[PDB]
Amino acid sequence: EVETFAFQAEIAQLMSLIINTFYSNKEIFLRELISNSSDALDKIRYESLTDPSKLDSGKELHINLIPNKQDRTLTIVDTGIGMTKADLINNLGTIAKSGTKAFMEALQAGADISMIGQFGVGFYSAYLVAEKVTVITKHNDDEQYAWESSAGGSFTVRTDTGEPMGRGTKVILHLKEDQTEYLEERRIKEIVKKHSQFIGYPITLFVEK
Ligand SMILES: CNCc1ccc(Oc2ccccn2)cc1
């Protein structure tokens, strides 16, 4: 059972701007997704301060970066609070309509695309480098779900049959053909050190055979 939804108009415009504006500094997508993962980890940590059972679904709080050159995918995994089906609809737990409006105003006042994360819609910077994005997520209060979109105005949500995650979020970036530099170990390391060296969770960069 696959459900197909239309993006709200303003989110569709945000995605079209990210895809179609000439902007060479694409590497910021990874900073934004790691920052989102840190935010999600902070949330489950905070809930666990008063209810330890919130970590029955997994005590480890971490971020994994998994490149796969055969699949041409970069996957960012975190064991944060995850998202309910309702959160996945409703723009992956963001205030994306008002955030996009504020981001648009800033761009017209001289800001650039790299400020996107200050407006709460940093997730959509994934489309700087990905032709399709798959989000697998498990929240303590819901079942495991998969969100997917190749932009073009729509996304899908289905129950995830795949590997159980326990708790957290997996962002799978299906990279554009000309953006495979983001599968190279030395490139990922360089970006993580430049933008995320002080993240307060362990970031493990997986290697390949
Ligand atoms: C914005 N809150 C999350 C967060 C925390 C630490 C962090 O680390 C670095 C590393 C290099 C330069 C700047 N910040 C990056 C993001």
# chains A, B, ... in the order shown; residues from 1 in each chain; ligands from 1
call {"tool": "closest_atom_pairs", "arguments": {"of": "segment 9-115 of chain A", "to": "segment 162-178 of chain A", "cutoff": "12 Å", "atoms": "only C-alpha atoms", "output": "CSV"}}
result
residue,atom,partner,partner_atom,distance
A:19,CA,A:176,CA,11.1
A:26,CA,A:178,CA,11.8
A:29,CA,A:173,CA,10.4
A:30,CA,A:173,CA,10.4
A:32,CA,A:171,CA,11.9
A:33,CA,A:171,CA,8.3
A:34,CA,A:171,CA,10.3
A:36,CA,A:169,CA,10.1
A:37,CA,A:169,CA,7.9
A:38,CA,A:168,CA,11.2
A:39,CA,A:168,CA,11.5
A:40,CA,A:168,CA,8.0
A:41,CA,A:168,CA,8.3
A:42,CA,A:168,CA,11.8
A:43,CA,A:168,CA,10.9
A:44,CA,A:168,CA,9.3
A:54,CA,A:167,CA,9.8
A:55,CA,A:167,CA,8.7
A:56,CA,A:166,CA,9.0
A:57,CA,A:166,CA,5.2
A:58,CA,A:166,CA,6.4
A:59,CA,A:167,CA,9.7
A:60,CA,A:167,CA,10.1
A:61,CA,A:168,CA,9.4
A:62,CA,A:168,CA,9.8
A:63,CA,A:170,CA,9.7
A:64,CA,A:170,CA,9.3
A:65,CA,A:171,CA,9.8
A:66,CA,A:172,CA,9.2
A:67,CA,A:173,CA,9.5
A:68,CA,A:174,CA,9.9
A:69,CA,A:175,CA,9.9
A:70,CA,A:174,CA,11.1
A:71,CA,A:174,CA,7.9
A:72,CA,A:175,CA,5.9
A:73,CA,A:174,CA,4.7
A:74,CA,A:173,CA,5.1
A:75,CA,A:172,CA,4.4
A:76,CA,A:171,CA,5.1
A:77,CA,A:170,CA,4.4
A:78,CA,A:169,CA,5.5
A:79,CA,A:168,CA,4.1
A:80,CA,A:168,CA,4.5
A:81,CA,A:168,CA,5.5
A:82,CA,A:168,CA,4.1
A:83,CA,A:169,CA,7.4
A:84,CA,A:168,CA,10.4
A:88,CA,A:169,CA,10.9
A:92,CA,A:169,CA,10.6
A:93,CA,A:169,CA,11.9
call {"tool": "residues_near_ligand", "arguments": {"ligand": "ligand 1", "cutoff": "6 Å", "atoms": "only C-alpha atoms and all ligand atoms", "output": "ChimeraX atom specification"}}
result
/A:35,194-199
call {"tool": "write_last_selection", "arguments": {"atoms": "N, CA, C and O atoms", "output": "PDB file, in the first residue's frame"}}
result
ATOM      1  N   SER A  35      23.396  18.153  10.871  1.00  0.00           N
ATOM      2  CA  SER A  35      22.824  19.019  11.895  1.00  0.00           C
ATOM      3  C   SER A  35      21.412  18.544  12.248  1.00  0.00           C
ATOM      4  O   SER A  35      21.038  18.491  13.429  1.00  0.00           O
ATOM      5  N   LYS A 194      35.272  20.254   8.005  1.00  0.00           N
ATOM      6  CA  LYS A 194      35.083  21.685   7.779  1.00  0.00           C
ATOM      7  C   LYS A 194      33.856  22.205   8.509  1.00  0.00           C
ATOM      8  O   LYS A 194      33.907  23.278   9.118  1.00  0.00           O
ATOM      9  N   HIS A 195      32.752  21.447   8.478  1.00  0.00           N
ATOM     10  CA  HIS A 195      31.449  21.944   8.903  1.00  0.00           C
ATOM     11  C   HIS A 195      30.894  21.280  10.158  1.00  0.00           C
ATOM     12  O   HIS A 195      29.975  21.835  10.771  1.00  0.00           O
ATOM     13  N   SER A 196      31.413  20.114  10.555  1.00  0.00           N
ATOM     14  CA  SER A 196      30.778  19.323  11.605  1.00  0.00           C
ATOM     15  C   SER A 196      31.788  18.745  12.590  1.00  0.00           C
ATOM     16  O   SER A 196      31.466  17.790  13.306  1.00  0.00           O
ATOM     17  N   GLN A 197      32.988  19.326  12.669  1.00  0.00           N
ATOM     18  CA  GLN A 197      34.031  18.767  13.520  1.00  0.00           C
ATOM     19  C   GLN A 197      33.622  18.740  14.995  1.00  0.00           C
ATOM     20  O   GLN A 197      34.061  17.854  15.736  1.00  0.00           O
ATOM     21  N   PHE A 198      32.738  19.644  15.429  1.00  0.00           N
ATOM     22  CA  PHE A 198      32.376  19.728  16.842  1.00  0.00           C
ATOM     23  C   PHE A 198      30.989  19.165  17.182  1.00  0.00           C
ATOM     24  O   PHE A 198      30.534  19.361  18.315  1.00  0.00           O
ATOM     25  N   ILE A 199      30.310  18.484  16.248  1.00  0.00           N
ATOM     26  CA  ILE A 199      29.046  17.815  16.566  1.00  0.00           C
ATOM     27  C   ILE A 199      29.242  16.936  17.800  1.00  0.00           C
ATOM     28  O   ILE A 199      30.269  16.267  17.942  1.00  0.00           O
TER      29      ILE A 199
END
call {"tool": "residues_around", "arguments": {"residues": "residue 161 of chain A", "least_positions_apart": "3", "cutoff": "10 Å", "atoms": "only C-alpha atoms", "output": "number ranges by chain"}}
result
A: 144-146, 158, 164
call {"tool": "write_last_selection", "arguments": {"atoms": "N, CA and C atoms", "output": "compact mmCIF listing (two decimals), in the first residue's frame"}}
result
# COMPACT_ATOMS: atom_id res chain seq x y z
N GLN A 144 7.47 1.60 11.49
CA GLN A 144 8.54 2.03 10.58
C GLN A 144 7.97 2.39 9.21
N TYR A 145 8.31 3.58 8.72
CA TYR A 145 7.74 4.11 7.48
C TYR A 145 8.86 4.55 6.54
N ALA A 146 8.56 4.54 5.24
CA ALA A 146 9.47 5.03 4.21
C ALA A 146 8.78 6.13 3.43
N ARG A 158 4.94 4.80 2.60
CA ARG A 158 4.50 3.42 2.72
C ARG A 158 5.08 2.85 4.00
N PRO A 164 14.42 -3.70 10.16
CA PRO A 164 13.98 -2.89 11.30
C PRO A 164 15.11 -2.01 11.82
call {"tool": "closest_residue", "arguments": {"among": "A:97, A:85, A:187, A:209", "to": "residue 135 of chain A", "atoms": "only C-alpha atoms"}}
result
A:85
call {"tool": "select_by_dssp", "arguments": {"residues": "segment 92-181 of chain A", "states": "alpha helix (DSSP H)", "output": "JSON, numbers by chain"}}
result
{"A": [96, 97, 98, 99, 100, 101, 102, 103, 104, 105, 106, 107, 108]}
call {"tool": "closest_atom_pairs", "arguments": {"of": "segment 127-166 of chain A", "to": "segment 104-123 of chain A", "cutoff": "12 Å", "atoms": "only C-alpha atoms", "output": "Markdown table"}}
result
| residue | atom | partner | partner_atom | distance |
| --- | --- | --- | --- | --- |
| A:127 | CA | A:123 | CA | 8.6 |
| A:128 | CA | A:113 | CA | 10.1 |
| A:129 | CA | A:123 | CA | 11.9 |
| A:130 | CA | A:123 | CA | 11.6 |
| A:133 | CA | A:123 | CA | 10.2 |
| A:134 | CA | A:123 | CA | 11.8 |
| A:135 | CA | A:123 | CA | 10.6 |
call {"tool": "decode", "arguments": {"residues": "segment 31-52 of chain A", "atoms": "N, CA, C and O atoms", "output": "CSV table (one decimal), in the first residue's frame"}}
result
chain,number,residue,atom,x,y,z
A,31,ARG,N,26.4,19.0,5.8
A,31,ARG,CA,26.3,19.8,7.0
A,31,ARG,C,24.9,19.9,7.5
A,31,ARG,O,24.6,19.7,8.7
A,32,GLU,N,23.9,20.1,6.6
A,32,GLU,CA,22.5,20.3,7.0
A,32,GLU,C,21.9,19.0,7.5
A,32,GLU,O,21.2,19.0,8.5
A,33,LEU,N,22.2,17.9,6.9
A,33,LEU,CA,21.6,16.6,7.3
A,33,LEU,C,22.3,16.1,8.6
A,33,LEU,O,21.6,15.5,9.4
A,34,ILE,N,23.6,16.4,8.8
A,34,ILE,CA,24.2,16.0,10.0
A,34,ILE,C,23.6,16.9,11.2
A,34,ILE,O,23.4,16.4,12.3
A,35,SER,N,23.4,18.2,10.9
A,35,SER,CA,22.8,19.0,11.9
A,35,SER,C,21.4,18.5,12.2
A,35,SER,O,21.0,18.5,13.4
A,36,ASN,N,20.6,18.2,11.2
A,36,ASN,CA,19.3,17.6,11.5
A,36,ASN,C,19.4,16.4,12.3
A,36,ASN,O,18.5,16.1,13.2
A,37,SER,N,20.4,15.5,12.1
A,37,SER,CA,20.5,14.3,12.9
A,37,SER,C,20.9,14.6,14.3
A,37,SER,O,20.4,14.0,15.2
A,38,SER,N,21.8,15.6,14.5
A,38,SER,CA,22.1,16.0,15.9
A,38,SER,C,20.9,16.5,16.6
A,38,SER,O,20.7,16.2,17.8
A,39,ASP,N,20.0,17.3,15.9
A,39,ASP,CA,18.8,17.8,16.5
A,39,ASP,C,17.9,16.7,16.9
A,39,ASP,O,17.3,16.7,18.0
A,40,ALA,N,17.8,15.6,16.1
A,40,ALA,CA,16.9,14.5,16.4
A,40,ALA,C,17.5,13.7,17.6
A,40,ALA,O,16.7,13.2,18.4
A,41,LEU,N,18.8,13.6,17.6
A,41,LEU,CA,19.4,12.9,18.8
A,41,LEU,C,19.2,13.7,20.1
A,41,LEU,O,19.0,13.1,21.1
A,42,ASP,N,19.3,15.0,20.0
A,42,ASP,CA,19.1,15.9,21.2
A,42,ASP,C,17.7,15.6,21.7
A,42,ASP,O,17.5,15.6,22.9
A,43,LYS,N,16.7,15.5,20.8
A,43,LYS,CA,15.3,15.3,21.2
A,43,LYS,C,15.1,14.0,22.0
A,43,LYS,O,14.4,14.0,23.1
A,44,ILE,N,15.6,12.9,21.5
A,44,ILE,CA,15.4,11.7,22.3
A,44,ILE,C,16.3,11.7,23.5
A,44,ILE,O,15.9,11.1,24.6
A,45,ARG,N,17.5,12.3,23.5
A,45,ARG,CA,18.2,12.4,24.8
A,45,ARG,C,17.4,13.2,25.8
A,45,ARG,O,17.3,12.8,27.0
A,46,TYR,N,16.8,14.3,25.4
A,46,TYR,CA,16.0,15.1,26.4
A,46,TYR,C,14.8,14.3,27.0
A,46,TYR,O,14.6,14.4,28.2
A,47,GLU,N,14.1,13.6,26.1
A,47,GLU,CA,13.0,12.8,26.6
A,47,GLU,C,13.4,11.8,27.6
A,47,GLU,O,12.8,11.5,28.6
A,48,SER,N,14.6,11.2,27.3
A,48,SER,CA,15.1,10.1,28.1
A,48,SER,C,15.6,10.6,29.5
A,48,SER,O,15.8,9.8,30.4
A,49,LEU,N,15.8,12.0,29.7
A,49,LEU,CA,16.2,12.5,31.0
A,49,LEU,C,15.1,12.3,32.1
A,49,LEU,O,15.4,12.3,33.2
A,50,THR,N,13.8,12.2,31.7
A,50,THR,CA,12.8,12.0,32.6
A,50,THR,C,12.1,10.7,32.4
A,50,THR,O,11.3,10.2,33.4
A,51,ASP,N,12.3,10.0,31.3
A,51,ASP,CA,11.7,8.6,31.1
A,51,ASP,C,12.8,7.8,30.4
A,51,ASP,O,12.9,7.8,29.2
A,52,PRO,N,13.5,7.1,31.3
A,52,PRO,CA,14.6,6.2,30.7
A,52,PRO,C,14.2,5.2,29.7
A,52,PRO,O,14.9,4.8,28.8
